[PDB]
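All remarks here apply to the structure that follows.
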Amino acid sequence: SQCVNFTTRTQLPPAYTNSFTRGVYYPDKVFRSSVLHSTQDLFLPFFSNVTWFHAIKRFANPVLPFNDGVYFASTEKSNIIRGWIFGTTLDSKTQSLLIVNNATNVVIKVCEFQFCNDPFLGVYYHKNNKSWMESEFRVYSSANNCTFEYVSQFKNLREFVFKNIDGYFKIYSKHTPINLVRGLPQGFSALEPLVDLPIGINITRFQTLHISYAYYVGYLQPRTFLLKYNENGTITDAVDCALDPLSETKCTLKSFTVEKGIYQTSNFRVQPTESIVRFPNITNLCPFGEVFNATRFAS
Amino acid sequence: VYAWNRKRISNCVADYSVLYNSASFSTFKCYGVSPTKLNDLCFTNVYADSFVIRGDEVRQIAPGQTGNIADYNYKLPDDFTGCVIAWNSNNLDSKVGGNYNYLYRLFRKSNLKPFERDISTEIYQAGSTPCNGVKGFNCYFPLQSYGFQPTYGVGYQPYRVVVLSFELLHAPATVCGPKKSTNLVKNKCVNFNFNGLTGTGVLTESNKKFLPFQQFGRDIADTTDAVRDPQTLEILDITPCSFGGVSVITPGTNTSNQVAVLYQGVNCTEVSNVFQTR
Amino acid sequence: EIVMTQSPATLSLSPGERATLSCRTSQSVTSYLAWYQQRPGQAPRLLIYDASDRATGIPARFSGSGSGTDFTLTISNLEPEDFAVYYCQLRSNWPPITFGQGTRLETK
Amino acid sequence: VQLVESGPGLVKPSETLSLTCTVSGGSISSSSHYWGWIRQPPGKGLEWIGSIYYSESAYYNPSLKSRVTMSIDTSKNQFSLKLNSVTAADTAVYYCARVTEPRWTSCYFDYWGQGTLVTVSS
Ligand SMILES: *[C@@H]1O[C@H](CO)[C@@H](O)[C@H](O)[C@H]1NC(C)=O
Ligand SMILES: *[C@@H]1O[C@H](CO)[C@@H](O)[C@H](O)[C@H]1NC(C)=O
Ligand SMILES: *[C@@H]1O[C@H](CO)[C@@H](O)[C@H](O)[C@H]1NC(C)=O
Ligand SMILES: *[C@@H]1O[C@H](CO)[C@@H](O)[C@H](O)[C@H]1NC(C)=O
Ligand SMILES: *[C@@H]1O[C@H](CO)[C@@H](O)[C@H](O)[C@H]1NC(C)=O
Ligand SMILES: *[C@@H]1O[C@H](CO)[C@@H](O)[C@H](O)[C@H]1NC(C)=O
């Protein structure tokens, strides 16, 4: 569509919080039961710094790096956050992905999009119908050489995990009712997989898409996690080994409990600071100066 | 080859009988697998990597190989599982005046990782003075073209090489071979094959609450304990059929020649006087 | 364009000496080169291929310094009947089959 | 092997110059060799015109390609050349040679023919 230009553009300052113990999702689709299983993959380390903002002069959302994957949480009453855009240049030069969940369905398209400066999704209240109806969508100026397309058929916390690995963009999703008013809630809830897309593109930055009438972001890291599958197979709890020595012990014993005692955990090895090379400095100095610095040269 | 094409095959059935039974393939080498067995297996996905090389380079396309192609154009992992099929394409890829359309990478700072594709066209600096996009002293274009004319030796003639890499993950199998699926049998010992995953056991109705995305479960042994029938979305528990040591209770041969047989740990139904003890 | 430049236009040497003809390509690709000999009134004769390979029937006194960009044809012992015109020939992408300007070898 | 040229020694300007090279030491249907034509004006250097393969196709000079064509005849074991709109600059000796192109840039004329002198004048 045609981009809508805003003379005044602004972005609210970022805020910081603690991840507590969220970001856990099922690594695979292998059922299990009443077992403690260890898995090393990209996870949200517990109690990690979380960068969060508010989604409302045109207050435009910021472009955030993607790194190895992003854990994106949205606390809202109505579905304000609707989608995201992923890529490196976020222009027609390189393939860019766009995910959205409009009033109709979910649209996911990988194309050489030309994203607008201020992507706009606008809805108006239909007084006669007494229902809001979306009527404005100005996100990308152009979309050429599309590489993928797929269209689907008391606050709320919607958590999502986006992981670009092996050309596969894996999205895991979870939805919960949260009664907290502000701040990232402290609690445990596994994120079920939503869908994997073999897009096979490079992603380094992404931006959030809001509707016009809070959210938190964290970066996953390579970590080892001890997941406790209960009788029904739902992950009841998780332990981050490298969070702290105690968790390292817990992962050592494959238990959500360590009894009093001393356990050989790891092996500490220091490494040389530098290299030293010494020889018989000069056995004899080669007399090169006598040739070059000779006052007189021969014919 | 430097821009080797990749295709994904998923959610379908492929008859490989016609594949390895074709005589048009000069080289047909499977690593981790045999040509015949493909029809009796299922895989989550397949990747077909297609490209063109010369005959001499055919050997380079294999695990644990080194060379210009292997290092700079296309590298296979040491644990590669799949099949490589190379066939001459002289009649298709050779021009009388010279077929320069086929290219290959000749220089690179480092060797390629497995299944890594590099299509960059940046000048390769091979000398002290850097190259600002201009060739010259120790400044070469990274790509070079094949001759591909009919008057070459077999080692220089074009060969089309396709590598089919089959992904055997825990995710649901989506690529299967031919072979119809027989009806489901329960409460009996059987050789079952669910989605290419083969085994032997007794299949029974299961009360386990499989999640929609979950196909099968594993026990502490990582062994298939329960499965989801691909046709009917139902959970079936698989249990070991029946095995036990056969011993012989025999009085001294000097005494008598009659003996009894003890099947250890088997019910008196899977097998005169029959006595069921613990 | 890959332009061929031979040197020198005329070479004045007497029998018993050794001659060195130079055939440098433009600042461009590098690969193989062919050297040919042509006497007056005769079709050119193939001397060297693949930048140093004596053709079938070429004496050992002919040799080629097959190296980068610049090439060199060397005649160890000039015989009386070795004074003729020498052409170097390449086969690039475009133009295909370029010929050198030729070096005239005469008896000083 | 041997190659022998044949054709009129005179061609009027702005007319087609036809030549035919007949070989007899081998076979033109061999899939290891090209058959080319190389001309040189009197007192000038060599100029490769075009090379033909046995099947049908050929490649020519990037300057004479418009007014040049080549043909082959395996049955008679000979290959011919047509140079349309011959100007006075085509006055030259034309040889037909045997070409061996094994790798990429290795392209040498193994055995040459004696060649025929075609002088184009009115
Ligand atoms: C998050 O980072 C900010 C500054 O980057 C720091 O002040 C804050 O303490 C960090 N959060 C935690 C939980 O340490
Ligand atoms: C789209 O692809 C075509 C052919 O593949 C190419 O010519 C064109 O440049 C591509 N689009 C852009 C914006 O580059
Ligand atoms: C398992 O699921 C069933 C049905 O959904 C439920 O009745 C039961 O309480 C669950 N048990 C556990 C341990 O989650
Ligand atoms: C030559 O002499 C100058 C001073 O006279 C000195 O600086 C220089 O190092 C000498 N060169 C060498 C090669 O020692
Ligand atoms: C068999 O056993 C009986 C008694 O146990 C003994 O008298 C007899 O000698 C035995 N026979 C042999 C061959 O040992
Ligand atoms: C053997 O099978 C029958 C019927 O399935 C069962 O009643 C019996 O208990 C089984 N044997 C044992 C030792 O449990």
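Residue numbering restarts at 1 for every chain of the structure tokens, chains are lettered A, B, ... in their displayed order, and ligands are numbered from 1 as they appear.
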Could you list, as a VMD selection string, all residues that come within 12 Å of ligand 5? Count only C-alpha atoms and all ligand atoms.
chain B and resid 251 to 256
At a cut-off of 10 Å around ligand 4, and using only C-alpha atoms and all ligand atoms, what residues come up? Please write them as a ChimeraX atom specification.
/A:287-294
List as a PDB file with N, CA and C atoms, in the first residue's frame the protein and nucleic acid residues near residue 71 of chain D, meaning an atom at most 8 Å away when only C-alpha atoms are counted, but skip any in the same chain fewer than 5 places from it.
ATOM      1  N   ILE D  52      34.697 -25.176 -36.601  1.00  0.00           N
ATOM      2  CA  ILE D  52      33.461 -25.940 -36.646  1.00  0.00           C
ATOM      3  C   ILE D  52      33.698 -27.303 -36.015  1.00  0.00           C
ATOM      4  N   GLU D  56      26.954 -29.850 -35.772  1.00  0.00           N
ATOM      5  CA  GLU D  56      26.700 -28.818 -36.772  1.00  0.00           C
ATOM      6  C   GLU D  56      27.386 -27.497 -36.437  1.00  0.00           C
ATOM      7  N   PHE D  79      35.055 -29.798 -44.750  1.00  0.00           N
ATOM      8  CA  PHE D  79      34.340 -28.676 -44.159  1.00  0.00           C
ATOM      9  C   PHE D  79      34.598 -27.420 -44.971  1.00  0.00           C
ATOM     10  N   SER D  80      33.569 -26.594 -45.097  1.00  0.00           N
ATOM     11  CA  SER D  80      33.602 -25.456 -45.997  1.00  0.00           C
ATOM     12  C   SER D  80      33.355 -24.164 -45.229  1.00  0.00           C
ATOM     13  N   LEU D  81      33.686 -23.065 -45.902  1.00  0.00           N
ATOM     14  CA  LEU D  81      33.660 -21.717 -45.361  1.00  0.00           C
ATOM     15  C   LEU D  81      33.033 -20.789 -46.388  1.00  0.00           C
TER      16      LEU D  81
END
Test item, strand (DSSP E or B) assignment across segment 3-122 of chain D, answer as an NGL selection string:
:D and (3-6 or 10-11 or 15-23 or 34-40 or 47-52 or 58-60 or 68-73 or 78-86 or 92-100 or 108-112 or 116-120)
Proximity of chain B to chain A: per-residue shortest pair, 12 Å limit, only C-alpha atoms, as CSV:
residue,atom,partner,partner_atom,distance
B:6,CA,A:200,CA,10.9
B:7,CA,A:198,CA,11.1
B:8,CA,A:198,CA,9.0
B:9,CA,A:198,CA,11.5
B:10,CA,A:198,CA,11.2
B:45,CA,A:198,CA,11.1
B:47,CA,A:198,CA,11.8
B:114,CA,A:166,CA,11.7
B:115,CA,A:166,CA,10.0
B:116,CA,A:166,CA,10.4
B:117,CA,A:200,CA,11.7
B:169,CA,A:28,CA,9.7
B:170,CA,A:30,CA,6.7
B:171,CA,A:29,CA,6.1
B:172,CA,A:29,CA,8.2
B:173,CA,A:29,CA,11.8
B:207,CA,A:232,CA,10.8
B:208,CA,A:232,CA,7.7
B:209,CA,A:232,CA,6.6
B:210,CA,A:31,CA,7.4
B:211,CA,A:31,CA,8.0
B:212,CA,A:29,CA,9.7
B:213,CA,A:29,CA,6.3
B:214,CA,A:29,CA,5.5
B:215,CA,A:30,CA,7.4
B:216,CA,A:31,CA,6.3
B:217,CA,A:31,CA,4.6
B:218,CA,A:32,CA,6.3
B:219,CA,A:32,CA,7.3
B:220,CA,A:35,CA,7.8
B:221,CA,A:32,CA,11.3
B:222,CA,A:32,CA,9.4
B:223,CA,A:32,CA,11.1
B:224,CA,A:30,CA,10.2
B:225,CA,A:32,CA,9.9
B:226,CA,A:31,CA,9.2
B:227,CA,A:31,CA,9.9
B:228,CA,A:31,CA,11.2
B:235,CA,A:31,CA,11.8
Residues of chain B within 10 Å of chain C, using only C-alpha atoms, as an MDAnalysis selection string?
chainID B and resid 97:98 100 135:137 140:141 145 147
Please list as a PyMOL selection string every residue within 10 Å of residue 37 of chain B, counting only C-alpha atoms and excluding residues in the same chain fewer than 4 positions away.
chain B and resi 16-17+33+41+177
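The environment of residue 101 of chain C within 12 Å, counting only C-alpha atoms and disregarding residues fewer than 6 places along the same chain, consists of residues 3, 4, 5, 6, 7, 8, 9, 10, 21, 22, 23, 24, 25, 35, 36, 85, 86, 87, 88 and 89 of chain C; 40, 43, 44, 45, 46 and 47 of chain D.
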